[PDB]
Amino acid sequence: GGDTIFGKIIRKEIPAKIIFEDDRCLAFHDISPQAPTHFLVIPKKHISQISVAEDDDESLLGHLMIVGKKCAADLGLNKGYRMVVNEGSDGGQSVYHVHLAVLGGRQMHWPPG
């Protein structure tokens, strides 16, 4: 599932602290957390960036958000959280494998970067 570090994590070739898995996505704690809770939800399908997502993957993208919601509740983020998808260089995208970041456990500020 792709030649990025996230592909390696999906294939279990390198470790990550996994929070949830199903047949089509994986959620795991970020190695460089920016909040007391900071995790990622990624599709197993290697979509490199949201700008190239296909119409057919619309429900998969929504699935990432529902999994993110559920994981956030399981991790006790009852006061709220921020979900982020970065695209390209201006977006600060650090890995070319689509990922939904979920941050909470502190006040998130505005602007969001």
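Residue positions are given as counts along the sequence shown, with the first one as 1.
K.L.:
Tell me which of 79-87 and 50-58 has the higher mean C-alpha B-factor in the deposited entry.
P.N.:
Looking at the recorded C-alpha B-factors, 50-58 comes out higher on average.
K.L.:
Could you check which stretch, 68-76 or 29-37, carries the larger mean CA temperature factor in the entry?
P.N.:
Between 29-37 and 68-76, it is 68-76 that shows the higher mean C-alpha B-factor.
K.L.:
Going by the entry, which of 95, 100, 103, 14 has the most elevated CA B factor?
P.N.:
The C-alpha B-factor peaks, among 95, 100, 103, 14, at 14.
K.L.:
Split into thirds by Cα B-factor across the chain's modelled residues, where does residue 2 land: lowest, middle or highest?
P.N.:
It falls in the top third of the chain.
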